[PDB]
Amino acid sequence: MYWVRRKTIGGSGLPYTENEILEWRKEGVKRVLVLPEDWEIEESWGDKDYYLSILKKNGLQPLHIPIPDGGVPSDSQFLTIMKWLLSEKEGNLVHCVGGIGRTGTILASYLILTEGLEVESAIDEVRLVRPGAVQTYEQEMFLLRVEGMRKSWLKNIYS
């Protein structure tokens, strides 16, 4: 896993065992935003709810917001994601299967909203800690929209 902002928000791929989840706790992770679809989670954990119960049994509070591979959250999911990430500043981990596309998109989105970064700066910052972050054109287009609608998202996040 990698931190984009030390101990406040980082990313990772899907853990294969419970020992990798304890590695997250040791690194300072406290809450986990789970982005893969059920079938992706199930390739490693057999059942999506069992995987979430494992996170829960390990002191991590999980939130599952499935995004298809290569895709982006719907506006509705994005609001939920940002309300969740902004609810507690420390120890946020966001993950998908490999730690790069969906995850880098959400991390860069977070930076755009919280630091007012332009889209190219946000993408660069995440790529510096996670090469290849933000994989598809749909993802890149989404981030430019996040920048363009920054004030409207913040207004809707805090109503």
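Throughout, we count residues from 1 along the sequence that is shown.
Relative to its counterpart among 59-67 and 111-119, 59-67 has the higher mean temperature factor, C-alpha atoms as listed in the PDB entry. On average the C-alpha atoms of 132-140 have higher B-factors than those of the other stretch, with 147-155 and 132-140 being the two compared. Per the deposited record, the Cα B-factor of residue 82 falls in the lowest third when ranked against the other modelled residues of its chain. Residue 127 sits in the highest third of its chain by CA B factor, as recorded in the PDB entry.
Among all modelled residues in this chain, the alpha-carbon of residue 102 has a temperature factor (C-alpha) in the lowest third. In this PDB entry, residue 95 carries a Cα temperature factor that places it within the lowest third of its chain's modelled residues.
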